[PDB]
Amino acid sequence: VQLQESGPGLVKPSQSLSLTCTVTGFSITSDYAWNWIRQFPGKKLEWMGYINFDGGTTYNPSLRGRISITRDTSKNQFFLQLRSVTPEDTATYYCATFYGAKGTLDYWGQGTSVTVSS
Amino acid sequence: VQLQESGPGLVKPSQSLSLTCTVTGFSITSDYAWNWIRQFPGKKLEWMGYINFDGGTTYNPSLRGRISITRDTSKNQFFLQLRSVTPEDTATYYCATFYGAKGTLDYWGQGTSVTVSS
Amino acid sequence: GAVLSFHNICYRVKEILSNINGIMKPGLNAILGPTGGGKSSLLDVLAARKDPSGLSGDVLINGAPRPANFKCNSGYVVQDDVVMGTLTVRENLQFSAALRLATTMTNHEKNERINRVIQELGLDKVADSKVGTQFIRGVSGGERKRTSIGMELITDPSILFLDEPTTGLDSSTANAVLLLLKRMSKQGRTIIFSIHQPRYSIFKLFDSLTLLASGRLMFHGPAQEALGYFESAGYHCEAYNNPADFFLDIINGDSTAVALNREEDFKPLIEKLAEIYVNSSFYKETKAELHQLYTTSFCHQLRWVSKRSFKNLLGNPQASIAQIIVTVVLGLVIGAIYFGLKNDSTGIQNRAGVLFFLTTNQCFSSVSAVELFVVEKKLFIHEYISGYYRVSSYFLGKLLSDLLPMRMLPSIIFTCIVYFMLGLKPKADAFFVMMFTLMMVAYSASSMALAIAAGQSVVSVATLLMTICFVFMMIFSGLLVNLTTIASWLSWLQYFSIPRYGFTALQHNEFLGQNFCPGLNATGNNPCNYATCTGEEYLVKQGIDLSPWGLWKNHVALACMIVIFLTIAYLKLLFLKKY
Amino acid sequence: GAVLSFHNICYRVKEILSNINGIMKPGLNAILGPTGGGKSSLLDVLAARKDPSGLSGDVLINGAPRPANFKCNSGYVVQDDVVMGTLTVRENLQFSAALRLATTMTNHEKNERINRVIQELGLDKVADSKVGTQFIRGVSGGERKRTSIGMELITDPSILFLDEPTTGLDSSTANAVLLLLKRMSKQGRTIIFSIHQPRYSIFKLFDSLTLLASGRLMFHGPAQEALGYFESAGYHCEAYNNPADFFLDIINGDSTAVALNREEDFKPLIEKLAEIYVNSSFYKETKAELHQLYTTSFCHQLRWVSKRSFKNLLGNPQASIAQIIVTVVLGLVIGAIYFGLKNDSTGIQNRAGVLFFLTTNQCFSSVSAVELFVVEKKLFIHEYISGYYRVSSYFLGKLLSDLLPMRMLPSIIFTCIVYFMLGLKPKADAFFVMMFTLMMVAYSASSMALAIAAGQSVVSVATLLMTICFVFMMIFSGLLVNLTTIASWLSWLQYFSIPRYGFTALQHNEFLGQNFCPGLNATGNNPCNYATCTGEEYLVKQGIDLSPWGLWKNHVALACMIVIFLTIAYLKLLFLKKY
Amino acid sequence: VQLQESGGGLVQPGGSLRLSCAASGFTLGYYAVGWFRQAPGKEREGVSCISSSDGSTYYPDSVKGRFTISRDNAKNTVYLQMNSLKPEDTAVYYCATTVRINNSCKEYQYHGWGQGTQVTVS
Amino acid sequence: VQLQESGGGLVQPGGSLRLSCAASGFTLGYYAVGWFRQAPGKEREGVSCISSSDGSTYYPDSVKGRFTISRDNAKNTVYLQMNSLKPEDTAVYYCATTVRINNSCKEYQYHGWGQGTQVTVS
Amino acid sequence: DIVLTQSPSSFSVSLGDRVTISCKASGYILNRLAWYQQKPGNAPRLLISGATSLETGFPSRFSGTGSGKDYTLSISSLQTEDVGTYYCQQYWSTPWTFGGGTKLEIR
Amino acid sequence: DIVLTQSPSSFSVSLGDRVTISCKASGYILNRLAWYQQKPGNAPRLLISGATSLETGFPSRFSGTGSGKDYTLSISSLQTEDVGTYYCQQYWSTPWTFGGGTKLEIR
């Protein structure tokens, strides 16, 4: 029911970027699907991908083979891995929640701004 | 939301029975399905048939061509016709509503005891 | 007159005809030899029946080269009878008279010429009787061969060619046919024919024998002088032996055959016998004599082809009635299983299945449409060379009266039975849209069938290819696989699927304005996701446009496919090998 | 010795053979007459080749009635060659020697008899060469006919029957075959044969001619005195005329045929000539002489039939390789469209479509299994009458090596290609369950195919019925129509559907434990109605039981169908008309 | 296969002369021969018969003196003798044959084969 | 269809005798005839030829006196005259034919057909 | 159709006990069963929807469990305003069939 | 895929007006659109699910209309507590695409 965003904030180009979202008040494997949204330095948003409660992961075809989503059930969180980072991906990263039955992202995260500079 | 029953209580055998349910607080053509449930002189229940919000009517296979339900929008009611009534059809008739998205009968009516006698 | 001559004939396909000379006089000229010889290959050279690319001889009629319309003024009797068994003898040669003649003369003159032919030939007993197909029985073989002979006798040809008139007959009617030919030639008319294994009972009738062996001429001259010729060459004819078989044994070269003569003198087999003939008196006598020397309109030939095709179709109520009955039974059965389509969770599945099966059946029922230009290939080629019609008129006549009425009917029968027994959509326009879509699917499948088999000689190869093509067409329909989940490099293949075009139109016609959830008004909004309660949701999930253009573009595509396939079939017929 | 006799022969099918008498001495006995006469119907009576219900004569060998094993000790050369072209000449007659002979003697003696037969018959040049099918070419017609003759010569028959050895041949090799037969008879061996339109080059070889016309005997005696017999009856033979055709023209009764003699005297046609022969001296001389008078085990004949079938299958790699290749390409293509099955709203549709198409293809691929007992019907009847094997051994041999290995392979190829390219269920047991179900569906379809066509002579009628049956079987599968919405009086028809049994098992294997709604845990409960989010809901909605028995009962039904159809096919083969 | 006969030309009447009816190709032992007589200006009349099983028989009109008959199967032929004057002269003497078993030769047909010889009488 | 010839039996030597080589069925005008001679005890030697286009030619060994030739197409035959003594006597005199156009008859083959006649010389 | 059966036709329990009402089904219901409670002389009010959830206006003493073909309703600490007749109804197929009857009777 | 565009990228309105925001799509959505309101410095808050309904915690001034391909957000009697950016998201297919942005600004 409550989400918390964390991870590094500066990654060197042509490398791997890792984010971690932890969940409090609700279990990962109970009902919902957990997503990753980025807001570019402007007024644009893009959906990366989601991980289902069972483990199925679905990614955005724009990110061709650059995205990996992995969960941990014991401490109730999920990590995003984005490889081969390009300095144009300087967006703010949020972890949202997918209800499924309603089809809309109800609960969001605080978000963090990750800058890719040399 | 609120349902009221009306009709006779003494129908001669081998004849036609006509009952009416009046709906107040909601529209009969808006969302729900409207049912008829008869409770036999005992502790058994039987679902006779229902009418959709558009006009689709579905009946129980037990009543082979004996049941016809017709709705009137102006007075916001639905009526039940049961032909060839028999002495052993002495049940009390409720008119319930069917949500559909939930699958259960939420609101009911008072019911009328119908007696078939000579 | 009407004397045929051929000088220094040489034909190259491998040179199959070496130096051949000969003059065919008005009489009964016969060509003899083994099957592999030039026996048959010379008859098709004397008549304009082979491509002139390889002919290097010089053939003349009365000392002048043959004109362009020589094939139109010289009858040719094909070995295998190409008479239509469904029509009658009188109607068959009436059809021939109506095309091969001119339209200046009234029908009375054509009919009196028809009567004269059937009387001269002796075809009055079975004049108004059917020839006979394989199921129904009619006239016997002799009179069928006689009818085929009379088909090209209508225009009173000056020269008549026959390709083995005895083959396929028996020992009784062969002499009757040969005597008929001799009696016809008695008035005076050049008759050149090929003969296979004759008897002495018919050999005495010949007036000019031409012996061929592996393309080499081995004798030519009077037929009654051949036996003495070969006797003087050192080959004795044993008593009670057929002179024709006596010649053929020498030609083949059987050691166990006739014995040699006694030799009084004071190139394995085939180049010695020919060389003997080159320096013979017959060769010098032949060489001295040798060195001494459209009509109908397009419509007039469209109506007749269409009428003949319609008569053939109605003559054997076994190909049309069978499919009519099976369509009627299939419609009743389908209406029986799918009776009373409900608007519940199982309504979508039943509607999709019943709309898919009808389209698949309409597509698969056109595989049997390759018997249109395959079973009639030989007859078409013969009548095209003879000069009956052109390719366009034949193509349209076999299209208007064979494919058009036998494909429209099953769709009408299916639509008027399964519709109201199911309850698809009680509207006037939906019924006609469904009928129109089924008609287009059937027409497109039949047109592609025609485009595939438009000049093949067998059906065992076109049907397999069409079945394997229709299976792939059925895969990309929309029911067995979701067309929106295809890979981008394979999704284009869906645009070449007739069943997909029909099925999309049927689904767009059926699923527009239907609710499939009892007690759930999803028209306003869907409170629950993953619900597909409304028919529009199913159409969008299947990748189908909801605009009316998303319905009519299917028929536009089907019509375009029809036109392309018909043009391809007509071109394949046009560039066929006509020799 | 080995003198055949037949007295007062009368055969009734319409009495097709009236009073016939004759003694066939050791030599070259020929039967002549028109096609409709008793020419062929008497050869099959002299040998035990017709049902003894209608035979009312009395046939003897050396003055004693023929034993029960007369057909096993008298060769019969069928007109149309039934030699298998795939094997070689040596292997063909080795197979014959392995069956007609006894198993007491070693293989060395069988092989030396084989060598003696091929040396005597003159089959050493092409001893180890293939006979030749239609696609591949082998020996010429003469060598094939000689191989067929030698097939029955293995058991050194005392009497040899031949049904028109000249038909289907040419003039050059006919005399070769006849001379071979005469040379074989010179040692002394009764050779009775039918002959159609002979030549005088072979007529002089006959030693006893029997003329038949419409079941009536017209002459019997020395063949060299028939011409004088008919000359003394008022029929002259013209010079250079075949005596055989001279007899046939009289038999038919052609007025244009040979002319009459001059009559010095001091029942239209057929009963006057028989009556002439009845009061003739030949009849009295014939009547006076007339009035003066298993081995192998079951396994030994199962192994050989199976080996021959396997050699036939591998000798012509165009029927096995073609279907292997098409299965391989179909699997790759299907894996191409259905790549990456997702667990979303479109997952159920794709899974159902791909599981339905595989079963439908597996059922429809067995339509071509009617070429098992149809293309080999004539040959099989000949082997069964001759004494080669019994019905059970032939049925099992043509089953173990023709249907068993050519049906298991396509299922394995489909399962190992489309499974991991799709991602159905990553478990060891599911893969094998799918393979097993596909194998059972293919086996059941093939067994039904054999049950339908088990004694028919053509394939054009079995395949159409097969297709029309499989279409209805496909209708009641579960995808095109919901099996729970059928009327009670039509729902029972679903129990006779092989594709339904296969498809139910495949679906129960695939849809157990799958979620199809992203972000919705329907395993606990379904908060939304009309959702079908879980695979179990789809199975229950389709009418499929969720217990493991609801999976294994499909295979139980398939096995029961296999057994019933195989038994029906074997019974249909057992009660076939063997005459 | 053909059926010929041979005779002669007599000079002085009253002598004895013999005709032979020879047949090659086929054996005459299965047949019954008949000597028929025709003249340039008279009708066709036979002389007598031969039976294939029993002896000979005679059904003539006025020729009943010295005409003997003999069938010799070794040379495959039959013979005709003439000894009496027989004022009937210079006949073709055709020779036919037919195959029957029953008695009473004169009820047969005797289909002829070929032309005949010629005799002379002065 | 057969090719026969006719001759005679001479009594006193020195006379003139004409043999004929007749052919029926086929006309002899297309062919070239050759008279060959064989005796019971000698070898086979021909006499002379006939050409189908030009006149006659002679290639004998010692018989070069009165042997004339004549081909009559009206009767379809050829003739051989003999007038001289010709001490060679009693020969079969076979008669053959062959069909060629070129000159030099003696280079042909002259395939024979049938048996010949016989002559006598005292 | 799907016949719903209730093994206990009548119960004899006391106050403050655990009451277990179990009802099975002929076919597979798939968590589409609802519980109804009827008072002696009133309409049958609806207790539980979805066989697991629980509707408003009722205490938490009522629980619903079960999966497959049989489902159980549990009452904890039975008090004196909980008497009546209990029914289980399936809503999977169209002929909705109710259960039997479990009329509670305290002693 | 389905790309979502908003024709008005910037509005110039005042307090107490009926603000209309239009958002059209490429493919058919079937009332499967959501509206998000992002304040300048927080995460986007959900406004509407289903383009017809309305989430709790918001006044009845926000209304969502439109069917088929284009949808509309309507605000009645706008006050000064509604400035920010508005997005229209589609959740029909799997690759969900957000819209552009309509940044409200008072004068």
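Here, every reference points to the structure presented above.
Visitor: Requested: an account of the overall build of chain A, with residues and values cited.
Guide: Counting secondary structure elements, chain A contains zero helices and 10 strands. Mapped in sequence order, the helices and strands of chain A form the string β-β-β-β-β-β-β-β-β-β. Here chain A has a C-alpha radius of gyration of 14 Å; the compact-globule value for 118 residues is 13 Å, and the two agree. Taking the principal axes of its C-alpha atoms as reference, chain A extends roughly 40 × 30 × 25 Å. Counting across all 118 residues of chain A, residues that qualify as buried make up 48%. Across chain A, every contact between residues at least 6 apart in sequence was considered, and the portion connecting residues at least 24 apart equals 49%. Total accessible area on chain A is roughly 5100 Å²; 49% of this is exposed by carbon and sulfur atoms. Mean positive and mean negative side-chain charge positions of chain A (10 and 8 charges, respectively) differ by 6 Å.

Visitor: Help me get a handle on the sheet that holds strand β5 (residues 62-65) of chain H, residues and values and all.
Guide: With antiparallel pairing, the four strands of this open sheet are ordered in space as β1-β2-β6-β5 (chain H). What marks the edges here is a single partner per strand, and that holds for β1 (4-5) and β5 of chain H.

Visitor: Account for the nonpolar core, with residues named and values stated.
Guide: The biggest cluster of nonpolar side chains holds 107 residues, and the ones touching the most others in it are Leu 4 and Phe 161 of chain D. Both domains that meet at this core, namely domain 1 (4-74 + 158-292) and domain 2 (80-156) of chain D, each give it at least three residues. Within the second largest apolar cluster, 105 residues are counted, among which are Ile 118, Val 139 and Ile 202 of chain C together with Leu 17 of chain F.

Visitor: Kindly report on the relation of the copies chain D and chain C, identifying the contributing residues and their values.
Guide: Superposition of chain D onto chain C requires a rotation of 180° combined with a translation of 0.0 Å along the rotation axis, giving an RMSD of 0.1 Å. What the superposition gives is, in effect, a two-fold axis relating one chain to the other. Closest to the rotation axis within chain D is the C-alpha of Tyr 240 of chain D, separated from it by 2.3 Å. A shared interface surface links the copies, since 100% of the contact residues of chain D are contact residues in chain C too.

Visitor: Any details on unusual backbone geometry? Residues and values, ideally.
Guide: All names here are of chain C. Residue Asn 62 is not a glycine yet carries a positive backbone phi of 55°. Tracing the sequence through the fold places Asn 62 in the loop between β4 (58-61) and β5 (64-65). A positive phi angle, near 60°, is found at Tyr 530, a position not held by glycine. As for its position among the elements, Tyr 530 is in the loop between α19 (498-510) and α20 (535-541).

Visitor: Please set out the side chain of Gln 37 of chain G residue by residue, giving values where relevant.
Guide: Residue and element names in this part refer to chain G. Of note, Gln 37 is situated in strand β3 (residues 33-38). A distance of 2.8 Å separates a polar atom in the side chain of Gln 37 from a polar atom in the side chain of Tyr 86. Residue contacts for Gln 37: discarding those within four places in its chain leaves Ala 43, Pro 44, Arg 45, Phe 58, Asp 82, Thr 85 and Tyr 86.

Visitor: Help me get a handle on the sheet that holds strand β1 (residues 3-6) of chain E, residues and values and all.
Guide: All names here are of chain E. Across the sheet, four strands lie side by side as β1-β2-β6-β5; this open sheet has antiparallel pairing. Here the strands that pair on one side only, and so sit at the sheet edges, are β1 and β5 (69-72). Each adjacent strand pair in this sheet contributes to an overall mean axis angle of 15°, direction not counted. In terms of strand pairing, β5 meets strand β6 (residues 77-82) through four bridges, oriented antiparallel. Across the sheet, the residue bridging to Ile 69 is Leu 80, located in β6.

Visitor: With reference to specific residues and values, describe the arrangement of the chains.
Guide: Sorting the 13 pairs of chains in contact by contact count puts chains C and D at the top. As for chain E relative to chain A, no contact occurs, and the smallest C-alpha gap between them is 103 Å.

Visitor: Break down helix α14 (residues 377-386) of chain D for me, with residues and values.
Guide: Residues and elements named next belong to chain D. Extensive coverage of α14 is indicated by the burial of eight of its 10 residues. Turning to α14, the residues buried within the fold contact β6 (75-77), α4 (141-152), α11 (298-315), α15 (391-400) and α21 (549-574). Just beyond α14, the residue with positive phi is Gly 387, at close to 110°.

Visitor: Give a description of the state of the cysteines that names residues and reports values.
Guide: Summed over the entire model, instances satisfying the criterion amount to 11 disulfides over all chains. The partner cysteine of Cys 21 of chain B in its disulfide is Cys 95 of chain B, sulfur to sulfur 2.0 Å. Note on the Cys 21 of chain B and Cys 95 of chain B pair: the S-S dihedral is about 65°, so by sign convention the disulfide is right-handed. Of this pair, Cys 21 of chain B sits in strand β3 (residues 16-24) while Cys 95 of chain B sits in the loop between β9 (92-94) and β10 (97-98), and the two are 74 residues apart along the sequence. When sorted by exposure, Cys 21 of chain B lands in the same class as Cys 95 of chain B, which is buried. The disulfide that involves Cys 21 of chain F links it to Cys 95 of chain F, with 2.0 Å between the sulfurs. Classification of the bridge connecting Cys 21 of chain F and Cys 95 of chain F rests on its S-S torsion, roughly -105°, and on that basis the disulfide is left-handed.

Visitor: So what's going on with the interface of chain B and chain G? Which residues, and what values?
Guide: Taken together, the 17 residues of chain B in the interface contact 17 residues of chain G. Surface buried jointly by chain B and chain G totals about 1500 Å² across both partners, of which 68% is contributed by carbon and sulfur atoms. Among the residues of chain B in contact with chain G, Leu 45, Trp 47 and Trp 108 of chain B are the three that bury the most area, contributing 33% of the side total. The interface formed by chain B and chain G includes zero salt bridges. Among the secondary structure elements, those contributing two or more residues to the side of chain B that touches chain G are β4 (33-39) and β5 (45-51) of chain B.

Visitor: Account for the environment of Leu 205 of chain D, naming residues and giving values.
Guide: Residues and elements named next belong to chain D. Structurally, the position occupied by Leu 205 is in the loop between α6 (200-203) and β9 (208-213). Relative accessible area serves as the criterion here: at 13%, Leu 205 is assigned to the buried category. Distance in space between the C-alpha atoms of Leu 205 and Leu 179 is 8.1 Å, their sequence separation being 26 residues. Setting aside anything within four residues of it in sequence, one finds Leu 205 in contact with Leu 28, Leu 178, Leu 179 and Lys 182.

Visitor: Let's hear about the pairing of strand β6 (residues 70-75) of chain G: which residues, and what values?
Guide: Residues and elements named next belong to chain G. On β6, burial follows the alternation: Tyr 71, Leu 73 and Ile 75 on one face are buried, whereas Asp 70, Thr 72 and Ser 74 on the facing-out side are not. Across six bridges, strand β2 (residues 19-25) lies against β6 in antiparallel orientation. The residue bridging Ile 21 from the neighbouring strand is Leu 73, located in β6. In this sheet, β6 lies alongside strand β5 (residues 62-65) in antiparallel orientation, the contact comprising four bridges. The residue of β6 that forms the bridge with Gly 64 is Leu 73. Hairpin connection of β5 to β6: four residues between the antiparallel strands, including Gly 66 at a positive phi of 115°.

Visitor: Tell me what's going on with the interface of chain D and chain C, and back it up with residues and numbers.
Guide: Taken together, the contact pairs 55 residues of chain D with 57 residues of chain C. Across the interface of chain D and chain C, roughly 4600 Å² is buried in total on both sides, 62% from carbon and sulfur atoms. Contact with chain C buries area across many residues of chain D, yet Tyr 240, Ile 337 and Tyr 530 of chain D alone supply 17% of it, more than any other trio. Note that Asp 245 of chain C and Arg 199 of chain D form a salt bridge whose closest N and O atoms lie 3.1 Å from each other. Here chain D is connected to chain C by 20 residue pairs in polar contact. Broken down by secondary-structure element, the contributors of at least two residues to the side of chain D that touches chain C are α5 (171-186), α8 (243-252), α12 (320-337), α13 (347-364) and α18 (462-475) of chain D. Of all the elements, α13 of chain D adds the most residues to the side of chain D that touches chain C, at six residues.

Rules used throughout
Residues numbered from 1 in each chain as written, not as in the entry; some residues may be left out. Chains lettered and ligands numbered in written order. Heavy atoms only, no water. Helix = DSSP H or I, 4+ residues; strand = E, 2+ residues; numbered from the N terminus. Rg over C-alpha atoms; globule rule 2.2 N^0.38 Å. Buried < 20%, exposed > 50% of the residue type's maximum accessible area, 1.4 Å probe, protein only. Contact = heavy atoms within 4.5 Å. Areas by Shrake-Rupley, 256 points an atom, 1.4 Å probe, with all protein chains shown as cover. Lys, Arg positive; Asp, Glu negative; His and termini not counted. Charge placed at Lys NZ, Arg CZ, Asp CG, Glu CD. Pairing = 2+ DSSP bridges. Core = buried A, V, L, I, M, F, W, Y, C linked by side-chain atoms within 4.5 Å. Domains from an automatic or database assignment. Least-squares fit on C-alpha atoms. Polar contact = N/O pair within 3.5 Å; in protein donor to acceptor, adjacent residues only side chain to side chain. Axes fitted to C-alpha atoms, helices over the stretch in contact; angles between N-to-C directions. Disulfide = S-S within 2.5 Å. Buried area = accessible area lost by both parts, 1.4 Å probe. Salt bridge = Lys/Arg side-chain N within 4 Å of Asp/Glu carboxyl O.

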